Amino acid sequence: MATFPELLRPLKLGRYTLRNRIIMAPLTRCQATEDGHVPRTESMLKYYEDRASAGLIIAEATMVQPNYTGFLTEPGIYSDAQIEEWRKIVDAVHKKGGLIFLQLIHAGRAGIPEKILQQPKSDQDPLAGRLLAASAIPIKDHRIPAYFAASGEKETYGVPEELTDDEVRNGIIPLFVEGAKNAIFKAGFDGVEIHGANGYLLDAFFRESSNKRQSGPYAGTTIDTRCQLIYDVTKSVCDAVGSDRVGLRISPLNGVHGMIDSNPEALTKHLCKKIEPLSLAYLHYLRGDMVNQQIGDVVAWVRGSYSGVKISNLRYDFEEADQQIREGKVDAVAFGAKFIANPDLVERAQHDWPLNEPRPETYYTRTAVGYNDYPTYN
């Protein structure tokens, strides 16, 4: 008898059928180039192909705005050079019979000032050379880690400029659309995930602590207007590539990057109802707080307010994932740290084999160490 039979069941998701419900969460590993944000092809190809038994891989946060870096050496999806290398990585995943979506990010107030502010403000890009956010409120009491910093030592987050409604509508949204078209039409990704989580640009409009806008369609003053940017980006991307190739990620309780909302339950339920008519491939959420402060039954909120495919994440083991699928609470579960450490995570679930332990101190080496050196089970 199978150990985790519900977790290992196929799942209809958008226009696809996943082989199982073990999802690889998006994981920034910094294995792209600093200058051009081009994937380090063979390194990333090995890493993703080694994990391609996953029902679905969500590839790491990938830049939609030229040079708007939050992680120093993350990949982009805005240039022809990036597209060509991604195409090869995606091909390798497909050769293993896998499926892969690309997570699309704008770092917002988590942009690296020492990189972004040294870019020339000229020509065909009015958003260039500027730190940009919902409001002019910097991330406080959290330094840029040494592994994301331009200098290789801790740096300070900057005070962002408040985006005008014009810049949001005519600058930001079209970048997400173009990025999605590039990813799917040109690189061959099966879909894209909109990054509406973890304190980055879209989440910064979504939650109270970061959106203090007093007017306009993206005002911080109501739940509906705070939901509007996530809706508008997601809708525009759906119109471009098909909603059956679009997912959305949110994190209503995650306190990273000074994120907090006074009413996450009402916020979450409203967003669920607002995005229902989009017929997304899935909604992906962090069910709690990495800081262990903010509490609430996000799984229940989403299940009661959203009729589509629900992917949950954060501190799941196989047993809990299997049980929540069994109970009809979620459709699938994404795993982060366990996929870093276990290329053959799915096979380990099939056999109930023990799991490799992650080494957090080597998450961001930019070499094979702590990246391509976790073995399969003997």
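Numbers follow the displayed sequence, beginning with 1.
232 to 240 and 291 to 299 differ in mean CA B-factor, and the higher of the two is recorded for 291 to 299.
The mean C-alpha temperature factor is higher for 349 to 357 when 324 to 332 and 349 to 357 are set side by side. Between the residues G98, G191, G199, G216, the entry's highest C-alpha temperature factor is the one at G216.
Within the listed group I22, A368, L18, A25, the record reports its top CA B-factor for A368. When the CA B factors of the chain's modelled residues are split into thirds, the value for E74 lands in the middle one. The PDB entry assigns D35 a C-alpha temperature factor belonging to the highest third of its chain's modelled residues. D203 sits in the lowest third of its chain by CA B factor, as recorded in the PDB entry. Ranked by Cα temperature factor within the chain, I83 sits in the middle third according to the deposited record. Sort the chain's modelled residues by C-alpha temperature factor and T164 lands in the middle third, per the entry.
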